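# Descriptive analysis of the structure
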Amino acid sequence: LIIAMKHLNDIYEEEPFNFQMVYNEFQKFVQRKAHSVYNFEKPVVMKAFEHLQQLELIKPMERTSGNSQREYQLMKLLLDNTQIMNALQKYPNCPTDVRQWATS
Amino acid sequence: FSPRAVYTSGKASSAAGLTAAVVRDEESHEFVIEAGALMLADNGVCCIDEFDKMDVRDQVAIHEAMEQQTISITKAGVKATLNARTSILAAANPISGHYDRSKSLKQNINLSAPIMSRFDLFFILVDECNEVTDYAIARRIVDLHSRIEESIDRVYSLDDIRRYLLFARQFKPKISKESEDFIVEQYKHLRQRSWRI
């Protein structure tokens, strides 16, 4: 999810985003690959996004509730590309596919 | 390599020059047909460079020869049909010369839907900055520039390839039942998923 977020920040220079775009491009990544074992449904990815927001790596803009759901909410990342690269280098068991997707 | 190959540029070619033209003969005082590139490339291969720059008025003329393999002329009291048994190899670049990832794939190609449909193989090339690829490309180019002949290792001679291709083209293989049902199931899976199939 973080790599997808970085790709979104690179393609759209300094603009917010929501859950749907991240989900769509994660689906694109898992569909381009032939048969990789990443068949996950919407609720589990939603829970993972909620956990990421809970750890306060992502912060909302102009906070409001009720009018806007958790979906369709403008999120931003609080990390730098070099930090992500350095952290990913020290990841214990990073698979090859996700590493190459991050490089791409 | 292929002696039966014809080359042409995109914009410099007109509609008449591609398929055929109707011209009045000076001595006979009548109308005859002057051949175009496509009918000269019969049973060969025709290569088009910068296919994007061609006007739609030219590609619509190409349309018939693309699929029906023949060209029909019904102009100025001249009625005829001609064989256009050719294989077309087209080269082009995306819109504005760069593949913009901020836009959709469909928005990156300015080609009509039937033209997109009528190509069997459609390859799209994207350039990326990788150090190993850069090193390989640079060493290959410099080796070719410095060592012109000793840097070429060909497994088979070009004339040998030509003779083998000539010998092979006359065979007409039959389709097996196993190949038949394998093709059926493969097409099932493929079609169950812009460039519509």
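cryo-EM is the method the PDB entry states for this structure, with the resolution given as 3.8 Å.

### Focus: a nonpolar patch on the surface
On the surface, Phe1(B), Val155(B), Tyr156(B), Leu158(B), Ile161(B), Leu165(B) and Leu166(B) cluster together to form a nonpolar patch covering roughly 760 Å² of accessible area. In this structure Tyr156(B) comes out as exposed when scored by relative accessible area, which is 61%.

### Focus: empty space enclosed by the protein
Residues and elements named next belong to chain B. Here the largest cavity defines a volume of roughly 30 Å³. Counting residues per element, the lining of the largest cavity draws most heavily on helix α3 (residues 56-67), which supplies 4 residues. For the lining of the largest cavity, the class distribution of residues is 5 nonpolar, 2 polar and no charged.

### Quick word on the packing of aromatic side chains
Tallying each qualifying case throughout the model produces 4 aromatic pairs over all chains. Seen in terms of ring centroids, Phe19(A) and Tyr23(A) are 6.3 Å apart; in terms of plane orientation they differ by 15°. Their pairing is stacked. Placement of both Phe19(A) and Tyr23(A) in helix α2 (residues 19-32) is noted, with a separation of 4 residues, approximately one turn of the helix. With respect to class, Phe19(A) is no different from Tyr23(A); both count as buried. A connected cluster of aromatic rings, assembled from ring pairs, spans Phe19(A), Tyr23(A) and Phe49(A). For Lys42(A), the ring lying beneath its charged end belongs to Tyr23(A), and the centroid distance is 3.9 Å. Sitting over the face of the ring of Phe1(B), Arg162(B) holds its NZ or CZ atom 5.7 Å from the ring centroid.

### Structural notes on the state of the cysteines
Taken as a whole and judged by the stated rule, the model has 0 disulfides over all chains. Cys47(B) forms no disulfide, and the closest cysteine sulfur to it belongs to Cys46(B), at a distance of 6.6 Å.

### Looking at unusual backbone geometry
Residues and elements named next belong to chain B. Backbone geometry at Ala-76 places phi at a positive 55°, although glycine is not the residue there. When you line up the elements, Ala-76 lands in the loop between β5 (70-75) and β6 (78-83). Exposure remark for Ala-76: the relative accessible area of 59% places this residue in the exposed category. The backbone of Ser-96 shows a phi angle near 65°, a positive value even though the residue is not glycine. Mapping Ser-96 onto the fold places it in the loop between β7 (87-90) and α4 (113-117). Its relative accessible area of 66% is what places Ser-96 among the exposed residues.

### As for a negative patch on the surface
Residues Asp10(A), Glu13(A), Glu14(A) and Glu15(A) make up a contiguous surface patch of negative charge. By secondary structure assignment, the location of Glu15(A) is in the loop between α1 (2-11) and α2.

### Description of the nonpolar core
Counting 21 residues, the largest nonpolar core has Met5(A), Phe19(A), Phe49(A) and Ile58(A) as the members making the most contacts within it. Every element with two or more residues in this core is listed here: α1, α2, α3 (42-54), β2 (75-77) and α5 (96-103) of chain A. With 6 residues, the single largest contributor to this core is α2(A). Leave out the neighbours within four places in its chain, and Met5(A) touches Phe17(A), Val22(A), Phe49(A), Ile58(A) and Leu77(A). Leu18(B), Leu38(B), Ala65(B) and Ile115(B) belong to the second-largest nonpolar core, a separate cluster that totals 12 residues.

### Examining the layout of surface pockets
All names here are of chain B. Considering only enclosed or pocket space, the second largest pocket measures out at about 1100 Å³ in volume. As for the second largest pocket, its lining consists of 34 residues, of which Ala-90, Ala-91, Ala-92, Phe-122 and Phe-123 are closest to the centre. Contributions of two or more residues to the lining of the second largest pocket are made by α3 and β7. By residue number, the principal contributor to the lining of the second largest pocket is β7, which donates 4 residues.

Basis of the calculations
Residues numbered from 1 in each chain as written, not as in the entry; some residues may be left out. Chains lettered and ligands numbered in written order. Part of a larger assembly, values for the part shown. Heavy atoms only, no water. Patch = residues over 30% accessible without salt bridge, like charges linked within 9 Å, V, L, I, M, F, W, Y side chains within 5 Å. Areas by Shrake-Rupley, 256 points an atom, 1.4 Å probe, with all protein chains shown as cover. Salt bridge = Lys/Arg side-chain N within 4 Å of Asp/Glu carboxyl O. Buried < 20%, exposed > 50% of the residue type's maximum accessible area, 1.4 Å probe, protein only. 1 Å grid on protein atoms, 1.4 Å probe; cavity = no way out; pocket = protein on both sides within 12 Å on 5 of 7 lines; lining within 4 Å. Points joined across faces, edges and corners; volume = space filled by probe spheres on them. Helix = DSSP H or I, 4+ residues; strand = E, 2+ residues; numbered from the N terminus. Nonpolar A, V, L, I, M, F, W, Y, C, P; charged D, E, K, R; others polar. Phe/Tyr/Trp six-rings, centres within 6.5 Å; stacked < 30°, edge-to-face > 60°. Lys NZ or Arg CZ within 6 Å of the ring centre and 35° of its normal. Disulfide = S-S within 2.5 Å. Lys, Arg positive; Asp, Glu negative; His and termini not counted. Charge placed at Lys NZ, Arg CZ, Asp CG, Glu CD. Core = buried A, V, L, I, M, F, W, Y, C linked by side-chain atoms within 4.5 Å. Contact = heavy atoms within 4.5 Å.

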